[PDB]
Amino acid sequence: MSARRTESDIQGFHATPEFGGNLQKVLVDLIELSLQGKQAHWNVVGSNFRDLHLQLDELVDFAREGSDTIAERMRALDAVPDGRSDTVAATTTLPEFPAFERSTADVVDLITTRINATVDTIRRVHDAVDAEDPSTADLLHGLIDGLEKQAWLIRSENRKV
């Protein structure tokens, strides 16, 4: 006749502090990447300026969408993101982007290593995230895939023969 549950209060999945911290690690590197990507996008100069200028904006869009995805996933699982400038600066694992104008070739190298660093954070955190919540790991897979594609589209400028 009926299979209906009877509780008036059914709780949702709550992330462990460890899991929250792991997604926080991903968050700050994604925001930092976005900030560095815009810096590069503004200040890149030299041969093949336009392509890099445009590709860098694609990277920024992806990293911004990613940071919102991770922060919102945290919220869904009762964890609390911190994307404030001071926290991002204090805790990001990305090497800092240099000041002033940079050459196209230099920007290609710099941004590639910074995407690599961002992806490394996600891969380092992956197995612990997957173990607690496979659905979140799928979002991580999307980030890895999208970011490694950006790294290919950007780095290929400097690859010879």
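Note that residue numbering begins at 1 and tracks the sequence as displayed.
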So 16-24 or 147-155, which one's hotter by mean CA B-factor in the entry? 16-24
Using only the C-alpha B-factors in the record, can you name which of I31, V44, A131, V108 has the highest? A131
Which third of the chain does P98 land in by C-alpha B-factor: lowest, middle or highest? highest
Is the Cα B-factor recorded for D68 in the lowest, middle or highest third of its chain? highest
In terms of the CA temperature factor given in the entry, to which third of its chain does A89 belong: lowest, middle or highest? middle
Please say which third, lowest, middle or highest, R124 falls into when its CA temperature factor is compared across its chain. highest
Grab the CA temperature factor for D51 from the record and place it in the lowest, middle or highest third of its chain. lowest
